[PDB]
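Here's the structure we're looking at; comments come further down.
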Amino acid sequence: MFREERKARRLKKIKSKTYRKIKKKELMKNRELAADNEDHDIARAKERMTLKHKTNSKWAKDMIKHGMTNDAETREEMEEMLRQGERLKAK
Amino acid sequence: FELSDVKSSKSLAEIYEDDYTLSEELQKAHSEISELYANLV
Amino acid sequence: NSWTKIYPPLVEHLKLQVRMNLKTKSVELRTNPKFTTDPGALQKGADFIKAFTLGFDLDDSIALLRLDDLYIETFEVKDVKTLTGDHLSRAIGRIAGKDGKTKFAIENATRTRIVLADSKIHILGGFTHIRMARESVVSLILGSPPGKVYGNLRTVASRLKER
Amino acid sequence: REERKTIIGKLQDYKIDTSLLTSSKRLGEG
Amino acid sequence: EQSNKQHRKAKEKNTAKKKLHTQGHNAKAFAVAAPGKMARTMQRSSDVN
Amino acid sequence: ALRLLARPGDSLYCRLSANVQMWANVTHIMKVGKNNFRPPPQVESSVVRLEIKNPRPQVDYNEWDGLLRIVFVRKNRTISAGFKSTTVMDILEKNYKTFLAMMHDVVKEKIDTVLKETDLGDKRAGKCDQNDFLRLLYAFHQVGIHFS
RNA sequence: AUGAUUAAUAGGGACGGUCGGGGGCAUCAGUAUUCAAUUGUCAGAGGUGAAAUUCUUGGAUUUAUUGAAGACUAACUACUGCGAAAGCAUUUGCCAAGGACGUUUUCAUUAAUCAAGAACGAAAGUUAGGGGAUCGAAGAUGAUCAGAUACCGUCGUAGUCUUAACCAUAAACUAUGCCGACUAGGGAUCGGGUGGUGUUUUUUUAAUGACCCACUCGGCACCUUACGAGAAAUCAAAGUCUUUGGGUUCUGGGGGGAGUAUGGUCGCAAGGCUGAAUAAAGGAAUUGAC
Ligand SMILES: [Mg+2]
Ligand SMILES: [Mg+2]
Ligand SMILES: [Mg+2]
Ligand SMILES: [Mg+2]
Ligand SMILES: [Mg+2]
Ligand SMILES: [Mg+2]
Ligand SMILES: [Mg+2]
Ligand SMILES: [Mg+2]
């Protein structure tokens, strides 16, 4: 337990978006390989009423209105948000 | 040229042992091409 | 768990008289006057077992029994630079690299073996091999990114093959 | 300037070679 | 191929309220009471000029 | 460039400014951005105009450097302190032995009088003008001390 | 001699045993660096990728018995502790100070936040003394050959230390105000307390001390979590059922990389004596010409 503990706060303290993005990327690849429409309809059902994943959100509206998403890296994050929202709206 | 970045299977005794004893591996591919060609032609 | 593969080479090839003492938790090697023949076998056996004692794979340690011009180089990070806290902890990560790749990169190019016992580093090889390895690991300590070191490791690798 | 002119003009009265004078470059030798 | 993240510098440029006093006097004190009449009357005067 | 154009009392005022300014006048012309070159340098660029004085001001090239250097070892520190260093006394003491040829306590006292009489011993080299050094340069010549 | 009620899982004070690399003043130890004495030996020693300045037959380096100077507390040192923060690791003593815990002790709203105002404040830096072992900006000088070892060496001023005073800036970071309540499971660690018919010890018993187990306070934190938030990284707080009220201080009105002009504001030089001077075979050539 002490060893498994010892590995955590060192990992918890490393918050670097490049490092965490790489870790998240490979985690999803492992998730998909290793590990029904009713859940999807419910998932779209929530998405279609809340309208959470477009540019009217506080963060997305803030980036767009200020010539600030023209930088590519933040645009990728904005676009990733839209596709994931687009995926939920898919039929 | 490429330098391997994984642990070598051979131990330091083994890598040197290889030195104790142009390339046979090249000469096997030398022949394997010929039979493929000999069968292809 | 590795002892089954440790005493055979010493007792048979080196003709040494081996024992390990539980009470003091130490290994014992004695020269047999009626059987031992090589004067340098006893120290050679001592040299071999120490390498395992420093953290080395047995098979790598066997190289010291087989050859005679293999030596241990050792140093600490603090000798290079006084890094502390995260700076020290990161610096260790630099030497190993992701998945330990960087440590394997140096080892193949230089023909040595590296154990990163926390801030303690030990190197096995020929005198020429270990010295250049000392340069590469130290260059990482000073803050050089490994990718640049990887290029230099490739450069020295070609020189090794030509000669 | 006119004050400068007097000093530089007066400097002519006190001018000497530098050949044997050790420069201040030697200051750090200690 | 490593690009570290930019360190967003602490603002050394004058803040907006400071900019008002960056002239010989306090810019906030020499104002008018009716800015609406300020713009209208001037625009007429400018064309008359 | 900003060191060359630096004026007395400014942060960038230095030995290079003091030396160049008395043999010539340097004036800024324009600023050149790093984008104006490729591959873009890591430093900004500038254009300056250098006008060398004719006639050359008749002061020994070595003497002017000698005084400038000992006082610019710490430009923001008092001139008196700049002469407190032990080696400054030793290099200077022998220079006085040269003057007599053609005494450490004496050269100490002589320096004390010069800095006191010129009222320069309590100011800083970073806030000194050409005239101030020239007056300092004289007061040592009168008492027989030549720097270089 | 004489009018009111609580004693807030608010606060202050008291008392009990503890706890801490908290602070100040003394004191002890500790190798190591440098230097010096004695002592055995004789050629180099040193340093780099490779070398030379450099010291060395008045004996270097190295060996051993000591002594002296000034710093500084390695290994123990940890996903631990203390302090408001900056910071804080040898022994023992004095000085006062402090959190938490226990309390069927005490005062009764004495509290939270904080312009003005005040104390402390990393390293560097300034003034005037002391000290000056090591390191060491500045500086000189050896070498300037070779790209993994490409900035190395020797000397070394200020400085590094201390006394009495100045400055007040950091990625002074959790890029994350303070106080209060509530909102998931798990076991590791620190300090204290409670309990057991638990182990070891006390090697006469015992009681303590050290461990084991369970619980309970406060602290650094850590795993899992479709509990909620976020775009996401991630967060027990950056959460409090769709849009918004528990109390209060401060800050911002737009980011990043480049340019243009200025009826604007504030700044910013020197110079007056001094002046040079065959185009081509008119060739190449161990290589050519006839
Ligand atoms: Mg009106
Ligand atoms: Mg109460
Ligand atoms: Mg108490
Ligand atoms: Mg402790
Ligand atoms: Mg604390
Ligand atoms: Mg002093
Ligand atoms: Mg910090
Ligand atoms: Mg709270």
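For the record, the sequence lines run as chains A, B, C, D, E and F. Going by this note's numbering, the first sequence opens with residue 976, and the numbers climb by one from there. Going by this note's numbering, the second sequence opens with residue 119, and the numbers climb by one from there. Going by this note's numbering, the third sequence opens with residue 2, and the numbers climb by one from there. Going by this note's numbering, the fourth sequence opens with residue 26, and the numbers climb by one from there. Going by this note's numbering, the fifth sequence opens with residue 501, and the numbers climb by one from there. Going by this note's numbering, the sixth sequence opens with residue 62, and the numbers climb by one from there. For each residue, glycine too, the CB sits at the ideal point set by N, CA and C.
- An exposed status is given to residue 1034(A), since fewer than 16 other beta-carbon atoms sit within 10 Å of its beta-carbon.
- Of the heavy atoms belonging to ligand 1, at least one sits nearer than 7 angstroms to the Cβ of residue 533(E).
- Less than 8 angstroms separates the beta-carbon of residue 87(F) from that of residue 65(F).
- Within chain B, the residues 130 have their CB atoms less than 8 angstroms from the CB of residue 125(C), given in chain order.
- Using a CB distance cut-off of 8 angstroms, residue 28(D) counts as an interface residue toward chain F.
- Taking the C-beta atoms as reference points, residue 36(D) is found nearer than 8 angstroms to residue 199(F).
- If you check the CB distance, residue 174(F) and residue 132(F) do not come in under 8 angstroms.
- Separation of the CB atoms of residue 69(F) and residue 169(F) is rounded to 28 angstroms, and the pair is thereby denied contact status at 8 angstroms.
- In this structure, the alpha-carbon of residue 137(C) lies about 12 angstroms from that of residue 148(C).
- When 7 angstroms is used as the limit between beta carbons, residue 118(F) is near these residues of chain D: 33, in chain order.
- The C-beta distance from residue 96(C) to residue 104(C) rounds to 6 angstroms, short enough to fall under 8 angstroms.
- Of all residues in the stretch 143 to 156 of chain F, the ones placed with a Cβ closer than 8 angstroms to any Cβ belonging to chain D are 146, 147, 148, 149, 152, 155, 156, in chain order.
- Residues of the stretch 39 to 68 of chain C with a C-beta atom less than 9 angstroms from some C-beta of chain B are 58, 59, 60, 61, 62, 63, 64, 65, 66, 67, 68, listed in chain order.
- Of the residues 145(F), 120(F), 113(F), the one whose Cα lies closest to the Cα of residue 176(F) is 145(F).
- Secondary structure of residue 121(C) (DSSP, three-state): strand.
- Per DSSP, the beta-bridge partners of residue 108(F) are 91(F).
- The continuous alpha helix (DSSP H) containing residue 138(C) extends over residues 128 to 142.
- By the criterion of a C-beta distance shorter than 8 angstroms, residue 117(C) is surrounded in its chain by 93, 96, 97, 104, once the five residues flanking it on both sides are discounted.
- Of the residues 999(A), 981(A), 1050(A), the one whose Cα lies closest to the Cα of residue 1038(A) is 1050(A).
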